[PDB]
Amino acid sequence: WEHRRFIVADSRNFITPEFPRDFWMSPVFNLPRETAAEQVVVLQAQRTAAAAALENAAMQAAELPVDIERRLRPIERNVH
Amino acid sequence: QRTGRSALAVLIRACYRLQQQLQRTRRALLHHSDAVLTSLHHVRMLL
């Protein structure tokens, strides 16, 4: 056995909250069609894309000091 | 005597200066690409 009090769950049990006068004039409920939060996500992704493109370009352009040596040395030994 | 000994002087001057012309290109084209590498490197720094 066991004992407790009880409250009937009737459909008439309602609740009455209080709203502030300036509650609904919030900058969050009222959102424009385009916000800057998304622009942050796009711009960060573009910056990160440019970061990896920089390394790709660096590994591409690292051959510039290399390509010049082997085009001049076999002609230098040819003249000498 | 003066004919054949002076005829080879043009070739001597040509070869002993072509030996330097390519050395200049060795030096001048390597002090310039290093700037490009440093610039790419600095751009990587900015990120």
# chains A, B, ... in the order shown; residues from 1 in each chain; ligands from 1

call {"tool": "interface_residues", "arguments": {"of": "chain A", "to": "chain B", "cutoff": "8 Å", "atoms": "only C-alpha atoms", "output": "PyMOL selection string"}}
result
chain A and resi 51+54-55+58+61-62+64-65+68-69+72+76+79-80

call {"tool": "atom_distance", "arguments": {"atom1": "atom CA of residue 48 of chain A", "atom2": "atom CA of residue 33 of chain A"}}
result
26.0 Å

call {"tool": "select_by_dssp", "arguments": {"residues": "chain A", "states": "alpha helix (DSSP H)", "output": "VMD selection string"}}
result
chain A and resid 36 to 61 64 to 79
